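K.L.:
Input file: upload-v2.pdb. Contents: PDB, C-alpha atoms.
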ATOM      1  CA  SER V   1       1.055  18.061   9.885
ATOM      2  CA  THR V   2       3.148  16.072   7.438
ATOM      3  CA  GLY V   3       3.453  12.527   6.173
ATOM      4  CA  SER V   4       6.233  10.566   4.491
ATOM      5  CA  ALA V   5       5.961   7.073   3.002
ATOM      6  CA  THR V   6       8.286   4.905   0.963
ATOM      7  CA  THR V   7       7.028   3.762  -2.432
ATOM      8  CA  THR V   8       8.413   0.525  -3.879
ATOM      9  CA  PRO V   9       8.445  -0.827  -7.460
ATOM     10  CA  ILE V  10       6.175  -3.837  -7.901
ATOM     11  CA  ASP V  11       8.626  -5.662 -10.186
ATOM     12  CA  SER V  12      12.064  -5.445 -11.781
ATOM     13  CA  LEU V  13      10.818  -3.129 -14.555
ATOM     14  CA  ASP V  14       9.246  -0.436 -12.343
ATOM     15  CA  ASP V  15       5.870  -1.186 -13.940
ATOM     16  CA  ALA V  16       4.192   0.537 -10.986
ATOM     17  CA  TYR V  17       4.941   1.587  -7.422
ATOM     18  CA  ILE V  18       3.121   0.576  -4.248
ATOM     19  CA  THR V  19       2.897   2.560  -1.023
ATOM     20  CA  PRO V  20       1.564   1.159   2.274
ATOM     21  CA  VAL V  21      -1.645   2.799   3.509
ATOM     22  CA  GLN V  22      -3.327   2.224   6.879
ATOM     23  CA  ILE V  23      -7.122   1.976   6.675
ATOM     24  CA  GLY V  24      -9.511   1.570   9.583
ATOM     25  CA  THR V  25      -9.264   0.770  13.273
ATOM     26  CA  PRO V  26      -7.333  -1.342  14.060
ATOM     27  CA  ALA V  27      -5.295  -0.484  10.989
ATOM     28  CA  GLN V  28      -5.512  -2.674   7.918
ATOM     29  CA  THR V  29      -2.432  -1.993   5.797
ATOM     30  CA  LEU V  30      -2.948  -2.212   2.042
ATOM     31  CA  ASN V  31      -0.366  -1.491  -0.650
ATOM     32  CA  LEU V  32      -1.872   1.087  -2.972
ATOM     33  CA  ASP V  33      -0.826   2.545  -6.316
ATOM     34  CA  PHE V  34      -0.648   6.320  -5.817
ATOM     35  CA  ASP V  35      -2.053   7.774  -9.033
ATOM     36  CA  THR V  36      -1.809  11.494  -9.821
ATOM     37  CA  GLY V  37      -3.928  10.779 -12.917
ATOM     38  CA  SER V  38      -7.104   9.748 -11.083
ATOM     39  CA  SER V  39      -9.137  10.764  -8.059
ATOM     40  CA  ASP V  40     -10.618   7.637  -6.429
ATOM     41  CA  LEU V  41      -9.215   5.780  -3.420
ATOM     42  CA  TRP V  42     -10.454   2.253  -4.070
ATOM     43  CA  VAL V  43      -9.455  -1.067  -2.557
ATOM     44  CA  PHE V  44      -9.855  -4.776  -2.924
ATOM     45  CA  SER V  45     -12.217  -5.753  -0.149
ATOM     46  CA  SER V  46     -14.232  -8.449   1.567
ATOM     47  CA  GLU V  47     -16.969  -7.410  -0.910
ATOM     48  CA  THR V  48     -14.898  -8.120  -4.028
ATOM     49  CA  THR V  49     -16.209 -11.032  -6.107
ATOM     50  CA  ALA V  50     -14.145 -13.931  -4.811
ATOM     51  CA  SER V  51     -13.025 -15.190  -8.236
ATOM     52  CA  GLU V  52     -11.614 -11.711  -8.933
ATOM     53  CA  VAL V  53      -9.272 -11.769  -5.909
ATOM     54  CA  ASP V  54      -5.949 -13.555  -6.483
ATOM     55  CA  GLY V  55      -3.421 -12.760  -3.755
ATOM     56  CA  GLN V  56      -4.299  -9.135  -2.954
ATOM     57  CA  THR V  57      -4.717  -7.951   0.604
ATOM     58  CA  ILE V  58      -8.321  -6.939   1.222
ATOM     59  CA  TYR V  59     -10.012  -4.274   3.325
ATOM     60  CA  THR V  60     -12.749  -5.726   5.537
ATOM     61  CA  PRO V  61     -14.891  -2.797   6.722
ATOM     62  CA  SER V  62     -16.827  -4.953   9.193
ATOM     63  CA  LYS V  63     -13.578  -5.369  11.165
ATOM     64  CA  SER V  64     -12.969  -1.602  11.392
ATOM     65  CA  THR V  65     -14.670   0.132  14.303
ATOM     66  CA  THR V  66     -14.411   3.472  12.467
ATOM     67  CA  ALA V  67     -15.875   2.331   9.137
ATOM     68  CA  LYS V  68     -19.281   3.668   8.147
ATOM     69  CA  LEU V  69     -21.186   2.752   5.007
ATOM     70  CA  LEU V  70     -21.776   5.874   2.914
ATOM     71  CA  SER V  71     -25.419   5.190   2.285
ATOM     72  CA  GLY V  72     -26.450   5.014  -1.351
ATOM     73  CA  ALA V  73     -23.001   5.814  -2.712
ATOM     74  CA  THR V  74     -21.517   3.832  -5.579
ATOM     75  CA  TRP V  75     -18.488   4.251  -7.797
ATOM     76  CA  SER V  76     -17.314   2.989 -11.169
ATOM     77  CA  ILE V  77     -14.112   3.876 -12.969
ATOM     78  CA  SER V  78     -12.432   3.094 -16.267
ATOM     79  CA  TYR V  79      -8.759   3.879 -16.777
ATOM     80  CA  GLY V  80      -6.842   4.854 -19.899
ATOM     81  CA  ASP V  81      -5.429   1.330 -20.241
ATOM     82  CA  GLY V  82      -8.900  -0.218 -20.494
ATOM     83  CA  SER V  83      -9.057  -1.555 -16.935
ATOM     84  CA  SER V  84     -11.991  -0.824 -14.634
ATOM     85  CA  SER V  85     -13.521  -1.424 -11.215
ATOM     86  CA  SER V  86     -16.699  -0.546  -9.299
ATOM     87  CA  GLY V  87     -18.431  -0.937  -5.949
ATOM     88  CA  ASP V  88     -19.784   0.817  -2.855
ATOM     89  CA  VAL V  89     -18.276   3.314  -0.439
ATOM     90  CA  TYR V  90     -17.313   3.540   3.215
ATOM     91  CA  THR V  91     -15.842   6.392   5.172
ATOM     92  CA  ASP V  92     -12.964   5.438   7.439
ATOM     93  CA  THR V  93      -9.697   6.672   8.895
ATOM     94  CA  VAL V  94      -6.835   6.577   6.401
ATOM     95  CA  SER V  95      -3.194   7.219   7.220
ATOM     96  CA  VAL V  96      -0.207   7.565   4.892
ATOM     97  CA  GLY V  97       3.270   7.812   6.324
ATOM     98  CA  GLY V  98       1.978   9.178   9.625
ATOM     99  CA  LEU V  99      -0.538  11.661   8.129
ATOM    100  CA  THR V 100      -4.105  10.808   9.149
ATOM    101  CA  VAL V 101      -7.412  11.767   7.530
ATOM    102  CA  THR V 102     -10.651  10.916   9.285
ATOM    103  CA  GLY V 103     -13.796  10.377   7.242
ATOM    104  CA  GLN V 104     -11.946   9.551   4.019
ATOM    105  CA  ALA V 105     -14.071   7.935   1.329
ATOM    106  CA  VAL V 106     -12.742   4.397   0.848
ATOM    107  CA  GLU V 107     -14.278   2.905  -2.279
ATOM    108  CA  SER V 108     -14.725  -0.831  -1.771
ATOM    109  CA  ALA V 109     -14.563  -2.883  -4.951
ATOM    110  CA  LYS V 110     -17.326  -5.325  -5.698
ATOM    111  CA  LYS V 111     -15.921  -5.926  -9.207
ATOM    112  CA  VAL V 112     -12.477  -5.400 -10.726
ATOM    113  CA  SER V 113     -11.296  -6.053 -14.262
ATOM    114  CA  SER V 114      -8.914  -8.861 -15.112
ATOM    115  CA  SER V 115      -5.751  -6.744 -15.144
ATOM    116  CA  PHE V 116      -6.277  -5.889 -11.475
ATOM    117  CA  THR V 117      -7.015  -9.496 -10.502
ATOM    118  CA  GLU V 118      -3.884 -10.623 -12.329
ATOM    119  CA  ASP V 119      -1.633  -8.213 -10.410
ATOM    120  CA  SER V 120      -1.347  -9.607  -6.902
ATOM    121  CA  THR V 121       0.951  -6.780  -5.770
ATOM    122  CA  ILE V 122      -1.545  -3.892  -6.032
ATOM    123  CA  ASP V 123      -4.337  -3.795  -3.436
ATOM    124  CA  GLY V 124      -6.027  -0.705  -4.904
ATOM    125  CA  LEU V 125      -5.400   2.867  -6.003
ATOM    126  CA  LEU V 126      -5.053   6.156  -4.149
ATOM    127  CA  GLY V 127      -5.969   8.976  -6.518
ATOM    128  CA  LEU V 128      -4.097  12.274  -6.313
ATOM    129  CA  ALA V 129      -5.588  14.179  -9.264
ATOM    130  CA  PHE V 130      -8.244  16.826  -8.650
ATOM    131  CA  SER V 131     -11.406  15.838  -6.821
ATOM    132  CA  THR V 132     -13.541  16.939  -9.791
ATOM    133  CA  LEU V 133     -12.640  13.549 -11.360
ATOM    134  CA  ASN V 134     -13.855  11.447  -8.416
ATOM    135  CA  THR V 135     -16.474   8.957  -9.608
ATOM    136  CA  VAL V 136     -18.579   8.514  -6.453
ATOM    137  CA  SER V 137     -22.289   9.035  -7.119
ATOM    138  CA  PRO V 138     -24.576  10.703  -6.207
ATOM    139  CA  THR V 139     -22.242  12.738  -3.949
ATOM    140  CA  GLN V 140     -18.726  13.194  -5.305
ATOM    141  CA  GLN V 141     -15.996  12.593  -2.721
ATOM    142  CA  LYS V 142     -12.662  14.272  -2.018
ATOM    143  CA  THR V 143      -9.219  12.780  -2.491
ATOM    144  CA  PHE V 144      -6.944  11.993   0.429
ATOM    145  CA  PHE V 145      -4.828  15.039  -0.429
ATOM    146  CA  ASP V 146      -7.850  17.334  -0.685
ATOM    147  CA  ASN V 147      -9.030  16.144   2.739
ATOM    148  CA  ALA V 148      -5.574  16.540   4.299
ATOM    149  CA  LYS V 149      -4.599  19.813   2.632
ATOM    150  CA  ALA V 150      -5.839  22.289   5.230
ATOM    151  CA  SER V 151      -4.019  20.434   8.019
ATOM    152  CA  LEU V 152      -0.700  20.181   6.193
ATOM    153  CA  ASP V 153       2.193  22.494   6.989
ATOM    154  CA  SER V 154       2.175  23.443   3.291
ATOM    155  CA  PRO V 155      -0.512  22.380   0.757
ATOM    156  CA  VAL V 156       1.799  20.187  -1.297
ATOM    157  CA  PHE V 157       2.856  16.638  -1.918
ATOM    158  CA  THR V 158       6.000  15.414  -3.635
ATOM    159  CA  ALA V 159       6.812  12.351  -5.723
ATOM    160  CA  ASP V 160      10.383  11.035  -5.700
ATOM    161  CA  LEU V 161      10.177   7.766  -7.615
ATOM    162  CA  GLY V 162      13.221   5.521  -7.823
ATOM    163  CA  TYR V 163      14.766   3.825 -10.835
ATOM    164  CA  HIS V 164      14.821   0.132  -9.980
ATOM    165  CA  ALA V 165      14.708   1.192  -6.323
ATOM    166  CA  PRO V 166      12.297   2.534  -3.698
ATOM    167  CA  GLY V 167      11.428   6.213  -3.498
ATOM    168  CA  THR V 168       9.262   8.520  -1.409
ATOM    169  CA  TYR V 169       5.917  10.306  -1.332
ATOM    170  CA  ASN V 170       5.902  13.247   1.084
ATOM    171  CA  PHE V 171       2.871  15.268   2.157
ATOM    172  CA  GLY V 172       3.020  18.792   3.532
ATOM    173  CA  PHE V 173       6.704  19.626   3.097
ATOM    174  CA  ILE V 174       9.565  19.872   0.615
ATOM    175  CA  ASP V 175      12.608  17.772   1.502
ATOM    176  CA  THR V 176      15.362  20.101   0.330
ATOM    177  CA  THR V 177      17.912  17.272   0.645
ATOM    178  CA  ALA V 178      16.101  15.119  -1.936
ATOM    179  CA  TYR V 179      17.071  17.016  -5.099
ATOM    180  CA  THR V 180      19.955  18.906  -6.685
ATOM    181  CA  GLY V 181      19.890  22.473  -7.937
ATOM    182  CA  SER V 182      16.588  24.331  -7.783
ATOM    183  CA  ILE V 183      12.958  23.390  -8.313
ATOM    184  CA  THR V 184      11.503  24.989 -11.450
ATOM    185  CA  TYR V 185       7.787  25.630 -11.095
ATOM    186  CA  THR V 186       5.427  25.692 -14.057
ATOM    187  CA  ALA V 187       1.759  26.512 -14.551
ATOM    188  CA  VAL V 188      -1.007  23.923 -14.232
ATOM    189  CA  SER V 189      -4.412  23.764 -15.884
ATOM    190  CA  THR V 190      -7.009  21.915 -13.820
ATOM    191  CA  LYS V 191      -9.668  22.149 -16.543
ATOM    192  CA  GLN V 192      -9.534  18.401 -17.263
ATOM    193  CA  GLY V 193      -9.015  17.463 -13.603
ATOM    194  CA  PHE V 194      -5.353  16.530 -14.141
ATOM    195  CA  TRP V 195      -1.993  18.002 -13.198
ATOM    196  CA  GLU V 196      -1.753  19.322 -16.750
ATOM    197  CA  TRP V 197       1.235  21.434 -17.756
ATOM    198  CA  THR V 198       3.250  22.445 -20.816
ATOM    199  CA  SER V 199       6.800  21.232 -21.353
ATOM    200  CA  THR V 200       9.027  23.634 -23.261
ATOM    201  CA  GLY V 201      10.637  21.019 -25.520
ATOM    202  CA  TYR V 202      12.940  18.055 -25.770
ATOM    203  CA  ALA V 203      16.294  16.681 -26.835
ATOM    204  CA  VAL V 204      17.385  13.180 -27.866
ATOM    205  CA  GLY V 205      20.731  12.069 -26.464
ATOM    206  CA  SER V 206      23.389  14.720 -26.941
ATOM    207  CA  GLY V 207      21.351  16.365 -29.700
ATOM    208  CA  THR V 208      20.195  19.943 -29.817
ATOM    209  CA  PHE V 209      17.217  20.996 -27.732
ATOM    210  CA  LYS V 210      14.029  21.516 -29.749
ATOM    211  CA  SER V 211      11.919  24.312 -28.289
ATOM    212  CA  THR V 212       8.278  23.319 -28.696
ATOM    213  CA  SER V 213       5.267  23.353 -26.389
ATOM    214  CA  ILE V 214       4.130  19.884 -25.298
ATOM    215  CA  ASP V 215       0.963  19.886 -23.191
ATOM    216  CA  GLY V 216       0.618  16.810 -21.012
ATOM    217  CA  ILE V 217      -0.184  15.435 -17.579
ATOM    218  CA  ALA V 218       2.065  14.418 -14.700
ATOM    219  CA  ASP V 219       0.738  10.900 -14.025
ATOM    220  CA  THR V 220       2.367   8.630 -11.451
ATOM    221  CA  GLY V 221      -0.145   5.896 -12.299
ATOM    222  CA  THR V 222       1.079   5.511 -15.892
ATOM    223  CA  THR V 223       4.274   3.516 -16.418
ATOM    224  CA  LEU V 224       5.569   5.033 -19.649
ATOM    225  CA  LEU V 225       6.166   8.385 -21.315
ATOM    226  CA  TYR V 226       3.582   9.067 -24.053
ATOM    227  CA  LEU V 227       4.448  11.924 -26.403
ATOM    228  CA  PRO V 228       3.500  13.142 -29.889
ATOM    229  CA  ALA V 229       4.399  10.812 -32.739
ATOM    230  CA  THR V 230       6.917  13.292 -34.179
ATOM    231  CA  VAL V 231       8.883  13.393 -30.911
ATOM    232  CA  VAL V 232       8.747   9.627 -30.410
ATOM    233  CA  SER V 233       9.911   8.961 -33.982
ATOM    234  CA  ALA V 234      12.842  11.339 -33.493
ATOM    235  CA  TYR V 235      13.859   9.413 -30.358
ATOM    236  CA  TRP V 236      13.659   5.892 -31.787
ATOM    237  CA  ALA V 237      15.383   6.934 -35.024
ATOM    238  CA  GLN V 238      18.549   7.135 -32.886
ATOM    239  CA  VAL V 239      18.312   3.437 -31.937
ATOM    240  CA  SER V 240      19.492   1.091 -34.678
ATOM    241  CA  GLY V 241      16.848  -1.485 -35.455
ATOM    242  CA  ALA V 242      14.061   0.164 -33.465
ATOM    243  CA  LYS V 243      10.645   0.205 -35.100
ATOM    244  CA  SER V 244       6.982   0.614 -34.312
ATOM    245  CA  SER V 245       5.284  -2.780 -34.190
ATOM    246  CA  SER V 246       1.529  -2.799 -34.715
ATOM    247  CA  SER V 247       1.332  -6.383 -33.442
ATOM    248  CA  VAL V 248       3.220  -5.664 -30.217
ATOM    249  CA  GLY V 249       1.535  -2.288 -29.730
ATOM    250  CA  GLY V 250       4.355   0.226 -29.878
ATOM    251  CA  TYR V 251       8.009   0.833 -30.457
ATOM    252  CA  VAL V 252      10.338  -2.094 -29.886
ATOM    253  CA  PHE V 253      14.097  -2.199 -30.114
ATOM    254  CA  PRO V 254      16.891  -4.775 -30.093
ATOM    255  CA  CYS V 255      17.711  -5.811 -26.560
ATOM    256  CA  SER V 256      21.411  -5.458 -27.501
ATOM    257  CA  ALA V 257      21.009  -1.694 -28.034
ATOM    258  CA  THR V 258      22.346   1.041 -25.777
ATOM    259  CA  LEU V 259      19.550   3.614 -25.517
ATOM    260  CA  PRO V 260      20.141   7.373 -25.670
ATOM    261  CA  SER V 261      18.869   9.687 -22.985
ATOM    262  CA  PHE V 262      15.790  11.861 -23.476
ATOM    263  CA  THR V 263      15.596  15.408 -22.104
ATOM    264  CA  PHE V 264      12.388  17.344 -21.491
ATOM    265  CA  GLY V 265      12.061  21.037 -20.718
ATOM    266  CA  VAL V 266      10.442  22.604 -17.676
ATOM    267  CA  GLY V 267      10.579  26.307 -18.326
ATOM    268  CA  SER V 268      14.245  27.055 -18.903
ATOM    269  CA  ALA V 269      15.270  23.952 -16.911
ATOM    270  CA  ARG V 270      15.978  20.501 -18.308
ATOM    271  CA  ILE V 271      15.236  17.040 -16.886
ATOM    272  CA  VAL V 272      17.371  14.242 -18.329
ATOM    273  CA  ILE V 273      15.924  10.728 -18.497
ATOM    274  CA  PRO V 274      18.869   8.292 -18.776
ATOM    275  CA  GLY V 275      18.627   5.791 -21.596
ATOM    276  CA  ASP V 276      18.414   2.844 -19.208
ATOM    277  CA  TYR V 277      15.129   4.217 -17.835
ATOM    278  CA  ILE V 278      13.593   3.728 -21.304
ATOM    279  CA  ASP V 279      14.242  -0.042 -21.426
ATOM    280  CA  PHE V 280      11.182  -2.123 -20.507
ATOM    281  CA  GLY V 281      12.750  -5.454 -21.336
ATOM    282  CA  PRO V 282      11.803  -8.338 -23.582
ATOM    283  CA  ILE V 283       8.361  -8.200 -25.165
ATOM    284  CA  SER V 284       7.870 -11.821 -24.060
ATOM    285  CA  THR V 285      10.083 -14.049 -21.968
ATOM    286  CA  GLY V 286      13.289 -14.908 -23.790
ATOM    287  CA  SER V 287      12.724 -12.534 -26.710
ATOM    288  CA  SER V 288      15.548 -10.358 -28.025
ATOM    289  CA  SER V 289      13.024  -7.641 -28.908
ATOM    290  CA  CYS V 290      12.573  -5.153 -26.071
ATOM    291  CA  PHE V 291       9.697  -2.779 -25.361
ATOM    292  CA  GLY V 292      10.365   0.932 -25.394
ATOM    293  CA  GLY V 293       9.587   3.284 -22.532
ATOM    294  CA  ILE V 294       8.750   6.237 -24.799
ATOM    295  CA  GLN V 295       5.630   5.629 -26.890
ATOM    296  CA  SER V 296       3.277   7.637 -29.060
ATOM    297  CA  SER V 297       0.286   9.360 -27.494
ATOM    298  CA  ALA V 298      -1.432   9.659 -30.873
ATOM    299  CA  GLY V 299      -4.127   7.139 -29.931
ATOM    300  CA  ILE V 300      -4.658   8.532 -26.401
ATOM    301  CA  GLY V 301      -5.744  12.135 -26.910
ATOM    302  CA  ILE V 302      -3.319  13.523 -24.319
ATOM    303  CA  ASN V 303       0.411  13.387 -23.685
ATOM    304  CA  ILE V 304       1.376  11.620 -20.468
ATOM    305  CA  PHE V 305       4.490  12.246 -18.386
ATOM    306  CA  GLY V 306       4.338   8.881 -16.658
ATOM    307  CA  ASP V 307       6.807   7.161 -14.382
ATOM    308  CA  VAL V 308       9.590   7.012 -17.020
ATOM    309  CA  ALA V 309       9.721  10.816 -16.951
ATOM    310  CA  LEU V 310       8.756  11.482 -13.341
ATOM    311  CA  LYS V 311      11.330   9.079 -11.850
ATOM    312  CA  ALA V 312      14.090  11.231 -13.377
ATOM    313  CA  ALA V 313      12.926  14.161 -11.224
ATOM    314  CA  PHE V 314      11.858  15.326  -7.807
ATOM    315  CA  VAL V 315       8.302  16.476  -8.506
ATOM    316  CA  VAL V 316       6.268  18.943  -6.439
ATOM    317  CA  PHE V 317       2.473  18.848  -6.724
ATOM    318  CA  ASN V 318       1.620  22.267  -5.302
ATOM    319  CA  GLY V 319      -2.050  22.334  -4.319
ATOM    320  CA  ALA V 320      -2.225  26.003  -3.405
ATOM    321  CA  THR V 321      -5.276  28.008  -4.491
ATOM    322  CA  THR V 322      -3.667  28.248  -7.932
ATOM    323  CA  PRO V 323      -1.929  24.872  -8.323
ATOM    324  CA  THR V 324       1.506  24.559  -9.903
ATOM    325  CA  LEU V 325       4.007  21.784 -10.596
ATOM    326  CA  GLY V 326       7.685  21.839  -9.687
ATOM    327  CA  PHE V 327      10.500  19.753 -11.157
ATOM    328  CA  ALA V 328      14.077  19.378  -9.941
ATOM    329  CA  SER V 329      16.896  17.103 -11.004
ATOM    330  CA  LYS V 330      18.128  14.658  -8.379
TER     331      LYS V 330
END
Now, as a test, write the supplied structure out as structure tokens.

P.N.:
Amino acid sequence: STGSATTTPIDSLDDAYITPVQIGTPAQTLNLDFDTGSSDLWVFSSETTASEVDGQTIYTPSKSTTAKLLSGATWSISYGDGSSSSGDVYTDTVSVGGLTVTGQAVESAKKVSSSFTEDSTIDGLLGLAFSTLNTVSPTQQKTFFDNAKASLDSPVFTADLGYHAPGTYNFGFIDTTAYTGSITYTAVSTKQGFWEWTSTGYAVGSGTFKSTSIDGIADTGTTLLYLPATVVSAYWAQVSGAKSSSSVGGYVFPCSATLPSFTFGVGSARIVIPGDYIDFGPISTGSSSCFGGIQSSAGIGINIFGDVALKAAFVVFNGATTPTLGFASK
């Protein structure tokens, strides 16, 4: 089997991408944030505290003839940005782009943190990291991909995120028309439950490539590119007037600037992020100070190849017995 679904930016900045997901019978379609940095499929629901729902579409398990309460199971998650959610668990039929999993754990939120409530465009998350990170207790549950894998034509999914435009998540096949050149595959460590890999270096604009190992995670659920402070300083030094602002929370730059590209290495291959992809717009409405799309990871504990990086590539998440990642230009 295969599946293919379009993913759409939630706003004009590409702050996140939403993908329609069919849950239950008859189908209830929710727009979920596919997140290769986490491993829970959770949704706003008829059980979510009413004051914490503000415009999201909800899953109502009592209206699904295939929903079954997973007795005694609860979940609770906290994300790197400080947001969180928790609740109980159903199993139900879940379909993405024509690919169907029966008995998928659907984690129904009873509580969500304010950042979720305040984003009416995201109805929940669909985790695509390794199932070892799933938070369901006392019986950990599998991700949608883990459940589908054995049925897929090939045990892979691909992320093809658009810049200021829709893109595609495919399951079970490589669309060889969706990229240029070849796909360069690189080793993955699953020891932390992430799609963790080592970039071979970077360049700023037309500058020389610096060969240096940068361990990080491929994370579709993180907007920006978070890299070591040395690398980030070297990038922003090429933008007149750019500076790190403690009060804003990162590097800012004059909105009048033209940003240089940023290249990262994948083995001997190179992925070029155009400068425009690094502009996240005014820090507040009407400001002439703009927020940068490359930020320091120093306070995180891990480097994160988020959407800024991934949207410059066609990315293969190869879930074979020994997982690997593939990157191609497009």

K.L.:
List the spatial neighbours of residue V:231 as a list in words - criterion: any atom at most 12 Å away, all atoms listed in the file, same-chain residues fewer than 6 positions off excluded.

P.N.:
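Here the answer would be residues 201, 202, 203, 204, 209, 210, 211, 212, 213, 214, 225, 237, 238, 262, 263, 264, 294, 295, 296, 297, 298 and 303 of chain V.
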
K.L.:
(-10.1, -6.3, -12.8) in this file's frame - what residues fall within 12 Å of it? Use only C-alpha atoms and give the answer as JSON, numbers by chain.

P.N.:
{"V": [43, 44, 48, 49, 50, 51, 52, 53, 54, 56, 76, 77, 78, 79, 81, 82, 83, 84, 85, 86, 109, 110, 111, 112, 113, 114, 115, 116, 117, 118, 119, 120, 122, 123, 124]}

K.L.:
Applied to the shown file, which residues does the PyMOL selection byres ((chain V and resi 223) around 7) return, written as a list in words?

P.N.:
residues 15, 16, 221, 222, 224, 306, 307 and 308 of chain V

K.L.:
Please evaluate the PyMOL selection byres ((chain V and resi 75) around 8) against the structure above and give the resulting residues as a VMD selection string.

P.N.:
chain V and resid 73 to 74 76 to 77 86 to 89 107 135 to 137

K.L.:
Point out the residue among V:42, V:305, V:34, V:59 with the least atom-to-atom distance to residue V:168, counting only C-alpha atoms.

P.N.:
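Using only C-alpha atoms, the shortest distance to residue V:168 belongs to V:34.
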
K.L.:
Compare V:69, V:304, V:99, V:315 by their minimum atom-to-atom distance to residue V:149, counting all atoms listed in the file, and give me the closest one.

P.N.:
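Answer, going by the shortest atom-to-atom distance: V:99.
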
K.L.:
What separation in Å, quoted to one decimal, exists between atom CA of residue V:185 and atom CA of residue V:266?

P.N.:
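It comes out at 7.7 Å.
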
K.L.:
Select, from V:61, V:181, V:3, V:155, the residue with the minimum atom-to-atom distance to residue V:330, counting all atoms listed in the file.

P.N.:
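Once distances to residue V:330 are computed over all atoms listed in the file, the minimum belongs to V:181.
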
K.L.:
Would you write out, as a PyMOL selection string, every residue that the PyMOL selection byres ((chain V and resi 92-94) around 12) captures in this file?

P.N.:
chain V and resi 3+20-30+32+41-42+59-70+89-91+95-108+126+143-145+147-148

K.L.:
Hey, can you check how far atom CA of residue V:31 sits from atom CA of residue V:45?

P.N.:
12.6 Å

K.L.:
Take every atom of stretch 135-152 of chain V listed in the file, fit an axis-aligned box around them, add 6 Å per side, and give the centre and edge lengths in Å to one decimal as lines of an AutoDock Vina configuration file.

P.N.:
center_x = -12.6
center_y = 15.4
center_z = -0.8
size_x = 35.9
size_y = 25.8
size_z = 29.6

K.L.:
Rounded to one decimal place, report the atom CA of residue V:36-atom CA of residue V:18 distance in Å.

P.N.:
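Value for the atom CA of residue V:36-atom CA of residue V:18 distance: 13.2 Å.
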
K.L.:
Which of these, V:265, V:37, V:260, V:127, has the shortest distance to residue V:277 once you count only C-alpha atoms?

P.N.:
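Result for the nearest residue to residue V:277: V:260.
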
K.L.:
Kindly indicate which residue among V:198, V:38, V:2, V:240 lies nearest to residue V:324, using all atoms listed in the file for the distances.

P.N.:
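Comparing V:198, V:38, V:2, V:240 against residue V:324, the winner is V:198.
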
K.L.:
Tell me which of V:300, V:187, V:152, V:309 sits closest to residue V:275, counting only C-alpha atoms.

P.N.:
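Going through V:300, V:187, V:152, V:309 one by one, the smallest distance to residue V:275 is for V:309.
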
K.L.:
Would you list the contacts of residue V:239 as number ranges by chain, taking every protein, DNA or RNA residue within 8 Å and counting only C-alpha atoms, but skipping same-chain residues closer than 4 positions in sequence?

P.N.:
V: 235, 253, 257-260
